[PDB]
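One structure below.
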Amino acid sequence: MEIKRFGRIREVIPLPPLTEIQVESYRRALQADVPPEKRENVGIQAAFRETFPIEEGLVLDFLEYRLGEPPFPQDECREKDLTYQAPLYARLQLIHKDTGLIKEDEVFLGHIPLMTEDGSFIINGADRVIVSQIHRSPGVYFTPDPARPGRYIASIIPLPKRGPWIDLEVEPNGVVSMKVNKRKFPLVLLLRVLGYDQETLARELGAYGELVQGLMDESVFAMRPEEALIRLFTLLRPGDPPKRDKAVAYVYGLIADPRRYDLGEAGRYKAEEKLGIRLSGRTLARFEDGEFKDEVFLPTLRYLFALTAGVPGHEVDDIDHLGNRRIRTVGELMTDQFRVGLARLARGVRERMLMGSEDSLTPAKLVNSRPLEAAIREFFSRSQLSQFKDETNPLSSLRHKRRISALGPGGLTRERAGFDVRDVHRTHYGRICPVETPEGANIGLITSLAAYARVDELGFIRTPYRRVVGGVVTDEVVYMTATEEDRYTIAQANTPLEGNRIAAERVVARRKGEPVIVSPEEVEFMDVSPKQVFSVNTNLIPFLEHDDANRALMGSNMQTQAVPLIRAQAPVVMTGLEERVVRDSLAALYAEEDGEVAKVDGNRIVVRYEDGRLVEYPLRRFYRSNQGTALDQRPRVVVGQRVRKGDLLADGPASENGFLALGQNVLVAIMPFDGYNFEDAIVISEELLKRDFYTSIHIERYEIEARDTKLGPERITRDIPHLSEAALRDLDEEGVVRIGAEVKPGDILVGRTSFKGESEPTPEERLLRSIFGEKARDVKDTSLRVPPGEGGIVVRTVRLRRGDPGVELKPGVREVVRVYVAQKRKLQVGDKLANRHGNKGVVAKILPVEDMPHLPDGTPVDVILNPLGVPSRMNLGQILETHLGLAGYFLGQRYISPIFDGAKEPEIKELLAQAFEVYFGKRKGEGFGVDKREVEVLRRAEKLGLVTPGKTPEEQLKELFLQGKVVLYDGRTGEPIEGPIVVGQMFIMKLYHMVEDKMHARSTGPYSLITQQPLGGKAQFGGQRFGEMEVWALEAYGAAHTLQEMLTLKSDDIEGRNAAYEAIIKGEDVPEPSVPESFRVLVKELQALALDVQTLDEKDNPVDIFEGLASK
Amino acid sequence: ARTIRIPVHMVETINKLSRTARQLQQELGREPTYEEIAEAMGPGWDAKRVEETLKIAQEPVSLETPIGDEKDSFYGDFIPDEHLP
Amino acid sequence: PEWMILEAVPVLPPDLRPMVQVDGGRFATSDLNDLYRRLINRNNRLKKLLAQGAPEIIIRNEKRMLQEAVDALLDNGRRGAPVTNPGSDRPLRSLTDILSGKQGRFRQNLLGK
DNA sequence: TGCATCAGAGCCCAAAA
DNA sequence: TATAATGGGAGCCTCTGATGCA
Ligand SMILES: CC(=O)O[C@H]1[C@H](C)[C@H](O)[C@H](C)[C@@H](O)[C@@H]([C@H](C)OC(=O)C(C)(C)CC(=O)O)CC/C=C(/C)C(=O)Nc2cc(O)c3c4c(c(C)c(O)c3c2O)O[C@](C)(O/C=C/[C@H](O[C@H]2C[C@@H]3OCO[C@@H]3[C@@H](C)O2)[C@H]1C)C4=O
């Protein structure tokens, strides 16, 4: 079909590689493909250079590292619950400074996880994403002192964990104080340690009249730099003997040591630029020629005084400005943990270079890599920034990799965050999306990288702009940081152009984010596109300019939750980004070079290239994602087809011919329906199920271990005590359910026996067994069964024993069986649907086709959406989307309407007119005239001012069709709806929240160990939590016995809950409750605290709630 | 050092197994199997015995270990009670 | 008033600080057992140092270590550094922590279930 | 005696994991 | 059961009330 694209904006550059923030960060960090001599000092390399050489006369030096090849490919790691990783080795030379002896060896440091092609990791078999972390850039900032006006605080901030923060203040007493680790002292003392004299300080700061005297302290000047260093050490470190070598070591490590104190590389540049100096390194001072030599402090002190006096050119810094906030990407975070483990490894090395043999030592004997392996293993498994990959659909993972978190180690906590950080800063323009953020507690903490944004080497987000010189728009694009952007006047991307020339007398531009009207002579740059302001998810919302931001937010976020549908289609109204998302996602498969297709299968595609070489592409079929949606690729080409470089070969999941397909295009009527549409609920036609729209495949993994016990081995067997052949029917000889079997709740998946607890033969069971004459078996039935509410078709079984090639399990485990069960899920009542504009609702009613509202020519609608959802939400894009969708339904076409440069109303009306000709002119030739009911509707419509009175019925119907309204017949009555109704094609997705997953109920079940209260959650067969607020509700109702049940018979009252069950199965009423067991726990816990808790009667005599059991 | 106390001599064997396995991993460029450790340990050691030794050496984990979410759930809360009926 | 000083320290019933075998045959245990273990070890060492007539420096270090150990058991983190399990930053959960807070005994299991 | 400073006390629910 | 060895090592919000200060 035709695809008609609107908009006049020509984008000079395409979107960058969308996962480059991940892929490029880690590639730069490992530098695996660089030959060692050519590596720059960055990532792991920089870490090695930092840790080495490791001194005492033994000295160990670092030569170079190398990364091997992965022991197992990616697919294999996922299968075997392995980390996809490479062996890391380091060439080290041991030197004896006394002897000269040199032993050199390459020591094995363990493995490092490798990133896959799409920017994710495989850690213990599961796919994970490392989320970038936003934080305050290192540097020197000046903020106003909130308590005392006209005063300022100078804050020197290094990288997290790479040094202390310093605060410079001018105290009310007049002396300038320095704050380090919460202690204050006169800054003059520290200045004296650097070798400063009254002359130098007088000439430097003298310019500021009254302030320099606060620096002057006679007593401090009396002591020489040596005396001042010992004095300061005694101020900062009470008790510790102030040995001169000891003091230098401490202060050196605190200030001048590049190993213990690291400003960023971004920290260094920001300091150099702010104070107008050049730093020789990343430390606040140096140790040179035996003494301390200042670097930062005097320039920082100079700027602070100049600001307090109000000298022009000294400013406070906006700390939420995106010039002072930078991103720590995968490479930086991992390298940080690498550096920690490396420092720990050095402790072991130095400790081993004393207690060992001074003669026989290799580098292999000296180095223990366990600390290093643990730091990396800790980061990847347990870090907060290492997250279980979101792969519900391909857009999910692309979005996850492009996410920015302000949380995690070294960042904000969630309760400790006020408005300022969560705000949308003016500098977010083009860098962080203003729309895509969580609606809940995390709003503003979790954000998304903008579509055209890229992170530079220093970690600042940059966005592209086109240069405009004289008035001509060049094609040269400049990526700017927020700080540099503030210098220029930047015109909007839609400003009219004839050729490359600006065609308007007054243009809309920004100066430091402030919008201003300006002459073309004043225009320095221009936006690349509208797209650059928003995230990838937001850019997928057509007519976004017509949607209130609060609803666009939900629209963005919910596309992440879209389930891959077996019939999935791309939307009839696209934004033009839907091809790029699939291609960068790597879900879909494309041709490497030009060639001809040799073979096409469900499982594989063979392509013959220009070289003559025959390349085979295997296809991923029905694989289970982290969230249990089916990822499967389908071949879109045929044998003998000539393909070009980059032509589509196979469609990934949730893609249609290479376009992102998150849902279906359905025919919707906007109208109330008998209250089944009420309060965002949705009414749908049974026709959707009939043609398998909104049907999705889901796979669940079940697992069971057979292990060695002290009571004897668990065995996975088909021989299970007391089971009929009916119960075992679908189990094979070995006890595993057969592939292709249908399993329902209660069915056995894997048969397993466990040796009976050592108490086991109860005397009651002994007599019972004796009566029937069946020996009580030694083992009990522990078989894995289908949980309540689950089940499907068995598509896979994996069995792994001990002692079979290639497999070694965790200690004690004989064998592991995994069963993959698939289900085809038809849309049903309670499943959740949404569109891209933030309209979301649960399916409340499925009507038979004869009840569905229908057009005069007999076509029934698919979905009925209530109009009451539009006006309060103010998301009108869905309305425009429906109108253009109506034209396309009859014209047989789809559209690309870009965001903010889109199809406008007049253009949509033209298409609607051409459509009416097809919807109506066809009929007039077929020998049918206007309907009687169409006449009644036209009458009511002319009473509403929709149609012009006096025109023919055909003319009036067309007037309504240009308004997107049609005559609609109620399938129940046959009578029309008394008014014309908005009908068109809408793109609607079936989201990840499905009633099948959430429906849960419990009579009785598992209880917790200490509290004896029911466990939580559906997976444990838990009970619902009746919490503090629920009790209040029962209290306010005065329902004392209902509440008492919740607190006793229905929870941790053991005698009570036991007695209640027996009563109910006997038809008796439930008995009076007893003491809740968790109160007894409370009493004993208070006794453990040496508090005597006594229950008393009205006579103040003790009442024993333990019934004699705890008293002698 | 252990919540479950181990005889001093048995701790010596466990530590020997660690040193041995760590050496083996440093020459082999990967973690050794149970069988490779049994060779390195000399006579008397087969793969089964290396596994049994590792099982005894496992330290318990806290019931108070946090479970995802936020600071909202404990590991012990997900453990059913099999003793009380 | 002298009851505010402890001579005999109570020991909570074992099932309220359980040692249980989980699914894999692995053991999971309450933090209180480690807090008690620290206490017992230091107390026994104190008995031994006393019987062997150690200098006052040794006895004082031991006694102050003993107070801190009781402190960790009853309210950990209240005074001084919170006692943690090795290779974890997680403070061990003491009796005070069990009683109080959103996750404590009163609000979690008593005013709601 | 009237003012400052610091230690310690709190910071939504249910759901999930 | 014996060469001699002798002092550690690290860090990221508001209200209310007691405590220590002119
Ligand atoms: C076990 C696990 O993977 O869960 C992970 C991970 C979020 C998810 O699973 C999954 C990738 C999920 O993102 C998608 C999925 C569809 O989920 C959802 O739809 C819901 C609605 C449920 C999301 C929700 O409501 O939570 C949806 C994403 C959509 C949006 C708008 C989003 O941005 N959400 C989101 C939600 C969060 O809360 C955090 C978060 C955090 C950091 C640094 C983040 O950036 C977070 C984040 O971005 O610090 C905190 C205190 O704790 C962090 C706890 C957990 O991290 C593990 C990481 C390691 O795993 C084992 O040890 C480690 C330990 C640290 O816990 C979280 C981070 C924390 O709250």
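Please note that chains go A, B, ... in the order of the structure tokens, that every chain numbers its residues from 1, and that ligands are numbered from 1 in the order shown.
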
*Distance-based interface of chain A with chain C, 10 Å, counting only C-alpha atoms, as an MDAnalysis selection string*: chainID A and resid 705:710 810:813 1009:1015 1023:1032 1046:1048 1050:1052 1076:1079 1081:1082 1084:1091

_Within-7 Å residues of ligand 1, basis only C-alpha atoms (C1' of nucleotides) and all ligand atoms, as a PyMOL selection string_ = (chain A and resi 131+381-390+400+405-408+437-438+446+557) or (chain B and resi 68-70) or (chain D and resi 16)

*Once you count only C-alpha atoms, which residues of chain B turn out to be within 9 Å of chain C? Could you give them as a count of residues only?*
15

_Residues of chain D within 8 Å of chain A, counting only C-alpha atoms (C1' of nucleotides), what are they? List them as a list in words._
residues 11, 13, 14 and 16 of chain D

For the residues selected in the previous step, produce a file with C-alpha atoms (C1' of nucleotides) as a CSV table (one decimal), in the first residue's frame.
chain,number,residue,atom,x,y,z
D,11,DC,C1',9.8,10.3,56.2
D,13,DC,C1',-0.5,1.8,50.4
D,14,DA,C1',-1.1,-2.4,48.3
D,16,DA,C1',6.3,-7.6,42.7

*Between A:165, A:928, A:673, A:895, which one has atoms that come closest to chain E, using only C-alpha atoms (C1' of nucleotides)?*
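Ranked by minimum distance to chain E, first place goes to A:165.
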
*Residues of chain D near chain C: apply a cut-off of 12 Å, count only C-alpha atoms (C1' of nucleotides), and supply the list as number ranges by chain.*
D: 7-12

Atoms kept (C-alpha atoms (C1' of nucleotides)) for selection, written as a PDB file, in the first residue's frame:
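again_8.pdb was written with the following content:
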ATOM      1  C1'  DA D   7      22.079  13.858  68.196  1.00  0.00           C
ATOM      2  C1'  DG D   8      18.276  11.224  67.107  1.00  0.00           C
ATOM      3  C1'  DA D   9      13.710  10.756  65.426  1.00  0.00           C
ATOM      4  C1'  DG D  10      10.760  10.346  61.379  1.00  0.00           C
ATOM      5  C1'  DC D  11       9.763  10.327  56.173  1.00  0.00           C
ATOM      6  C1'  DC D  12       2.129   6.171  51.593  1.00  0.00           C
TER       7       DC D  12
END

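Counting from CA of residue 955 in chain A, the distance to CA of residue 894 in chain A is 26.5 Å.
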
*Tell me which protein, DNA and RNA residues are within 10 Å of range 268-270 of chain A, counting only C-alpha atoms (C1' of nucleotides), leaving out same-chain ones fewer than 5 positions away, and put them as a PyMOL selection string.*
chain A and resi 137-141+158+262-263+275-284+323-324+458

_Spatial neighbours of residue 49 in chain B, max dist 10 Å, only C-alpha atoms (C1' of nucleotides), sep filter under 3 positions, as a VMD selection string_ = chain B and resid 34 to 35 37 to 38 44 to 46 52 to 55

Kindly assemble as CSV a list of the chain A residues that lie within 8 Å of chain B, each paired with its nearest atom pair and their distance in Å to one decimal, using only C-alpha atoms, sorted first by chain and then by ascending residue number.
residue,atom,partner,partner_atom,distance
A:87,CA,B:29,CA,6.7
A:107,CA,B:26,CA,7.0
A:108,CA,B:26,CA,5.4
A:109,CA,B:26,CA,7.9
A:110,CA,B:30,CA,7.4
A:364,CA,B:26,CA,7.8
A:808,CA,B:33,CA,7.4
A:811,CA,B:51,CA,5.6
A:812,CA,B:55,CA,6.5
A:1006,CA,B:80,CA,5.4
A:1007,CA,B:80,CA,5.6
A:1008,CA,B:80,CA,5.4
A:1009,CA,B:81,CA,5.0
A:1012,CA,B:81,CA,8.0
A:1015,CA,B:78,CA,6.6
A:1016,CA,B:78,CA,7.4
A:1020,CA,B:78,CA,7.3

Go ahead and write the residues just picked, C-alpha atoms, as a JSON list (two decimals), in the first residue's frame.
[["chain", "number", "residue", "atom", "x", "y", "z"],
["A", 87, "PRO", "CA", 39.85, -14.17, 30.34],
["A", 107, "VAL", "CA", 49.33, -13.64, 35.61],
["A", 108, "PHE", "CA", 45.69, -14.63, 35.12],
["A", 109, "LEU", "CA", 43.32, -12.11, 36.74],
["A", 110, "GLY", "CA", 40.01, -13.88, 36.04],
["A", 364, "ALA", "CA", 52.06, -15.53, 40.03],
["A", 808, "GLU", "CA", 29.05, -29.68, 36.27],
["A", 811, "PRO", "CA", 27.75, -28.93, 44.84],
["A", 812, "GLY", "CA", 25.27, -31.61, 45.85],
["A", 1006, "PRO", "CA", 2.07, -21.53, 53.51],
["A", 1007, "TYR", "CA", 2.88, -19.58, 56.67],
["A", 1008, "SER", "CA", 6.04, -17.69, 57.64],
["A", 1009, "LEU", "CA", 8.58, -19.26, 60.00],
["A", 1012, "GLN", "CA", 3.19, -17.78, 61.46],
["A", 1015, "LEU", "CA", 3.25, -15.69, 53.15],
["A", 1016, "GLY", "CA", 2.99, -13.01, 50.50],
["A", 1020, "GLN", "CA", 3.94, -18.52, 47.27]]

From the DSSP assignment of the backbone, select every residue of range 37-98 of chain C that is alpha helix (DSSP H), and format the answer as a PDB file with C-alpha atoms, in the first residue's frame.
ATOM      1  CA  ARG C  37      27.972 -15.762  68.994  1.00  0.00           C
ATOM      2  CA  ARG C  38      30.083 -12.612  69.221  1.00  0.00           C
ATOM      3  CA  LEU C  39      28.826 -12.153  72.775  1.00  0.00           C
ATOM      4  CA  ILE C  40      29.554 -15.740  73.855  1.00  0.00           C
ATOM      5  CA  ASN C  41      33.039 -15.781  72.303  1.00  0.00           C
ATOM      6  CA  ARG C  42      34.060 -12.536  73.995  1.00  0.00           C
ATOM      7  CA  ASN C  43      32.544 -13.630  77.321  1.00  0.00           C
ATOM      8  CA  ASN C  44      34.369 -16.968  77.271  1.00  0.00           C
ATOM      9  CA  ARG C  45      37.616 -15.244  76.322  1.00  0.00           C
ATOM     10  CA  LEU C  46      37.013 -12.869  79.234  1.00  0.00           C
ATOM     11  CA  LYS C  47      36.611 -15.810  81.615  1.00  0.00           C
ATOM     12  CA  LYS C  48      39.884 -17.269  80.319  1.00  0.00           C
ATOM     13  CA  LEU C  49      41.847 -14.022  80.540  1.00  0.00           C
ATOM     14  CA  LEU C  50      40.640 -13.540  84.125  1.00  0.00           C
ATOM     15  CA  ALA C  51      41.582 -17.061  85.237  1.00  0.00           C
ATOM     16  CA  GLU C  56      44.677  -4.734  83.174  1.00  0.00           C
ATOM     17  CA  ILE C  57      45.172  -3.530  79.595  1.00  0.00           C
ATOM     18  CA  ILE C  58      44.087  -6.928  78.301  1.00  0.00           C
ATOM     19  CA  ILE C  59      41.184  -7.215  80.734  1.00  0.00           C
ATOM     20  CA  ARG C  60      40.013  -3.619  79.976  1.00  0.00           C
ATOM     21  CA  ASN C  61      40.096  -4.116  76.224  1.00  0.00           C
ATOM     22  CA  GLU C  62      38.166  -7.344  76.699  1.00  0.00           C
ATOM     23  CA  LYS C  63      35.599  -5.758  79.045  1.00  0.00           C
ATOM     24  CA  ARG C  64      34.919  -2.813  76.744  1.00  0.00           C
ATOM     25  CA  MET C  65      34.641  -5.303  73.874  1.00  0.00           C
ATOM     26  CA  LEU C  66      32.108  -7.227  75.952  1.00  0.00           C
ATOM     27  CA  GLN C  67      29.941  -4.141  76.542  1.00  0.00           C
ATOM     28  CA  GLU C  68      29.963  -3.346  72.819  1.00  0.00           C
ATOM     29  CA  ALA C  69      28.916  -6.934  72.094  1.00  0.00           C
ATOM     30  CA  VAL C  70      25.895  -6.731  74.399  1.00  0.00           C
ATOM     31  CA  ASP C  71      25.143  -3.350  72.799  1.00  0.00           C
ATOM     32  CA  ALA C  72      25.145  -4.814  69.291  1.00  0.00           C
ATOM     33  CA  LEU C  73      22.775  -7.592  70.344  1.00  0.00           C
ATOM     34  CA  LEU C  74      20.200  -5.306  72.014  1.00  0.00           C
ATOM     35  CA  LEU C  95      16.332  -6.844  68.783  1.00  0.00           C
ATOM     36  CA  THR C  96      15.567  -3.119  68.689  1.00  0.00           C
ATOM     37  CA  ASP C  97      15.448  -3.184  64.879  1.00  0.00           C
ATOM     38  CA  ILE C  98      13.016  -6.131  64.986  1.00  0.00           C
TER      39      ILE C  98
END

_Select, as a PyMOL selection string, those residues of chain E with any atom no more than 12 Å from chain A (distances computed using only C-alpha atoms (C1' of nucleotides))._
chain E and resi 5+7-14

*as a ChimeraX atom specification, please: all residues of range 549-798 of chain A that backbone DSSP puts in strand (DSSP E).*
/A:573-574,589-590,595-600,604-609,614-618,623-624,630-631,634-635,642-643,648-651,655-656,659-660,664-670,682-685,696-707,715-716,742-743,748-750,752-755,779-781,784-785,792-798

Write the residues of the selection above to a file with C-alpha atoms, as a PDB file, in the first residue's frame.
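Heads up, here's the output in selection_3.pdb:
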ATOM      1  CA  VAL A 573      -0.182   6.805  11.381  1.00  0.00           C
ATOM      2  CA  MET A 574       3.592   6.655  11.958  1.00  0.00           C
ATOM      3  CA  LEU A 589      17.781  -9.268  10.358  1.00  0.00           C
ATOM      4  CA  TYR A 590      19.254  -7.465   7.314  1.00  0.00           C
ATOM      5  CA  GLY A 595      23.430 -10.641  -3.200  1.00  0.00           C
ATOM      6  CA  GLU A 596      20.767 -13.159  -4.125  1.00  0.00           C
ATOM      7  CA  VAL A 597      18.777 -15.276  -1.665  1.00  0.00           C
ATOM      8  CA  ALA A 598      19.683 -18.958  -1.992  1.00  0.00           C
ATOM      9  CA  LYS A 599      17.488 -20.593   0.653  1.00  0.00           C
ATOM     10  CA  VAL A 600      14.488 -19.593   2.776  1.00  0.00           C
ATOM     11  CA  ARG A 604      17.165 -20.303   8.284  1.00  0.00           C
ATOM     12  CA  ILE A 605      17.950 -18.033   5.304  1.00  0.00           C
ATOM     13  CA  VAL A 606      20.948 -18.581   2.955  1.00  0.00           C
ATOM     14  CA  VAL A 607      22.320 -15.582   0.975  1.00  0.00           C
ATOM     15  CA  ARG A 608      24.883 -15.565  -1.896  1.00  0.00           C
ATOM     16  CA  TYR A 609      26.911 -12.307  -1.872  1.00  0.00           C
ATOM     17  CA  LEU A 614      27.609 -18.403   0.829  1.00  0.00           C
ATOM     18  CA  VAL A 615      26.552 -16.891   4.187  1.00  0.00           C
ATOM     19  CA  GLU A 616      23.917 -18.591   6.361  1.00  0.00           C
ATOM     20  CA  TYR A 617      21.702 -16.627   8.747  1.00  0.00           C
ATOM     21  CA  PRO A 618      19.962 -18.767  11.401  1.00  0.00           C
ATOM     22  CA  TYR A 623      12.670 -17.892  22.415  1.00  0.00           C
ATOM     23  CA  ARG A 624      11.510 -16.778  25.856  1.00  0.00           C
ATOM     24  CA  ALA A 630       7.925 -14.738  22.748  1.00  0.00           C
ATOM     25  CA  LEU A 631      10.851 -13.357  20.752  1.00  0.00           C
ATOM     26  CA  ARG A 634      10.110 -14.675  10.713  1.00  0.00           C
ATOM     27  CA  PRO A 635      11.572 -14.844   7.163  1.00  0.00           C
ATOM     28  CA  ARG A 642      17.779 -10.171  -5.386  1.00  0.00           C
ATOM     29  CA  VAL A 643      18.627  -8.117  -2.291  1.00  0.00           C
ATOM     30  CA  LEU A 648      15.285  -6.812   5.099  1.00  0.00           C
ATOM     31  CA  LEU A 649      15.659 -10.588   5.387  1.00  0.00           C
ATOM     32  CA  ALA A 650      13.671 -11.542   8.521  1.00  0.00           C
ATOM     33  CA  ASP A 651      11.226  -9.645  10.723  1.00  0.00           C
ATOM     34  CA  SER A 655       7.908  -5.750  13.644  1.00  0.00           C
ATOM     35  CA  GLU A 656       6.111  -5.771  10.294  1.00  0.00           C
ATOM     36  CA  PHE A 659       8.620  -1.291  10.848  1.00  0.00           C
ATOM     37  CA  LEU A 660       7.998  -1.291  14.601  1.00  0.00           C
ATOM     38  CA  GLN A 664      -2.947  -3.589  15.823  1.00  0.00           C
ATOM     39  CA  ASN A 665      -4.828  -1.059  13.718  1.00  0.00           C
ATOM     40  CA  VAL A 666      -8.491  -1.374  14.698  1.00  0.00           C
ATOM     41  CA  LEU A 667     -11.684   0.413  13.675  1.00  0.00           C
ATOM     42  CA  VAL A 668     -12.865   2.422  16.677  1.00  0.00           C
ATOM     43  CA  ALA A 669     -16.071   4.269  17.444  1.00  0.00           C
ATOM     44  CA  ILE A 670     -15.898   7.032  20.053  1.00  0.00           C
ATOM     45  CA  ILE A 682     -13.070  -0.563  26.837  1.00  0.00           C
ATOM     46  CA  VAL A 683     -15.671  -2.508  24.837  1.00  0.00           C
ATOM     47  CA  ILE A 684     -14.386  -4.722  22.017  1.00  0.00           C
ATOM     48  CA  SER A 685     -15.875  -6.850  19.249  1.00  0.00           C
ATOM     49  CA  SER A 696       0.266 -13.195  21.937  1.00  0.00           C
ATOM     50  CA  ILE A 697       2.515 -16.183  22.704  1.00  0.00           C
ATOM     51  CA  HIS A 698       3.951 -16.539  26.216  1.00  0.00           C
ATOM     52  CA  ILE A 699       6.484 -19.015  27.634  1.00  0.00           C
ATOM     53  CA  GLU A 700       7.075 -19.887  31.290  1.00  0.00           C
ATOM     54  CA  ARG A 701      10.134 -21.744  32.589  1.00  0.00           C
ATOM     55  CA  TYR A 702       9.800 -24.381  35.304  1.00  0.00           C
ATOM     56  CA  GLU A 703      12.857 -25.869  37.007  1.00  0.00           C
ATOM     57  CA  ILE A 704      13.585 -28.691  39.431  1.00  0.00           C
ATOM     58  CA  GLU A 705      16.753 -30.048  41.062  1.00  0.00           C
ATOM     59  CA  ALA A 706      17.418 -33.574  42.293  1.00  0.00           C
ATOM     60  CA  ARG A 707      20.124 -33.403  44.924  1.00  0.00           C
ATOM     61  CA  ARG A 715      15.619 -39.170  42.126  1.00  0.00           C
ATOM     62  CA  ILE A 716      13.819 -37.857  39.069  1.00  0.00           C
ATOM     63  CA  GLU A 742      -0.988 -30.080  27.213  1.00  0.00           C
ATOM     64  CA  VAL A 743      -0.452 -29.365  30.916  1.00  0.00           C
ATOM     65  CA  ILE A 748       3.013 -33.317  36.847  1.00  0.00           C
ATOM     66  CA  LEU A 749       5.818 -31.723  34.828  1.00  0.00           C
ATOM     67  CA  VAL A 750       8.774 -33.693  36.274  1.00  0.00           C
ATOM     68  CA  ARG A 752      10.591 -36.667  41.605  1.00  0.00           C
ATOM     69  CA  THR A 753      10.895 -38.699  44.801  1.00  0.00           C
ATOM     70  CA  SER A 754      12.458 -37.543  48.077  1.00  0.00           C
ATOM     71  CA  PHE A 755      13.451 -39.696  51.005  1.00  0.00           C
ATOM     72  CA  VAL A 779      10.279 -42.032  49.380  1.00  0.00           C
ATOM     73  CA  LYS A 780       7.570 -39.389  49.077  1.00  0.00           C
ATOM     74  CA  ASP A 781       6.217 -37.624  45.998  1.00  0.00           C
ATOM     75  CA  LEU A 784       7.135 -30.556  40.241  1.00  0.00           C
ATOM     76  CA  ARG A 785       3.546 -29.645  39.328  1.00  0.00           C
ATOM     77  CA  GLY A 792      -0.065 -24.611  28.377  1.00  0.00           C
ATOM     78  CA  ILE A 793       1.770 -26.723  25.786  1.00  0.00           C
ATOM     79  CA  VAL A 794       5.184 -28.223  26.610  1.00  0.00           C
ATOM     80  CA  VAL A 795       7.604 -26.917  23.950  1.00  0.00           C
ATOM     81  CA  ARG A 796      10.999 -27.899  25.497  1.00  0.00           C
ATOM     82  CA  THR A 797      12.693 -29.974  28.142  1.00  0.00           C
ATOM     83  CA  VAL A 798      16.316 -29.655  29.240  1.00  0.00           C
TER      84      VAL A 798
END

_Pairwise distance for CA of residue 1034 in chain A and CA of residue 1083 in chain A, rounded to one decimal in Å_ =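 We find that CA of residue 1034 in chain A and CA of residue 1083 in chain A lie 25.8 Å from each other.
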
*Fewer than 4 positions away in the same chain doesn't count, so skip those; otherwise give me all residues within 12 Å of residue 29 in chain A, counting only C-alpha atoms (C1' of nucleotides), as a PyMOL selection string.*
chain A and resi 22-25+33-34+39-47+112+114-115+329-336+338+457

_6 Å contact set for range 487-494 of chain A, only C-alpha atoms (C1' of nucleotides), chain neighbours under 4 positions out, as a ChimeraX atom specification_ = /A:508-511,523-527,529
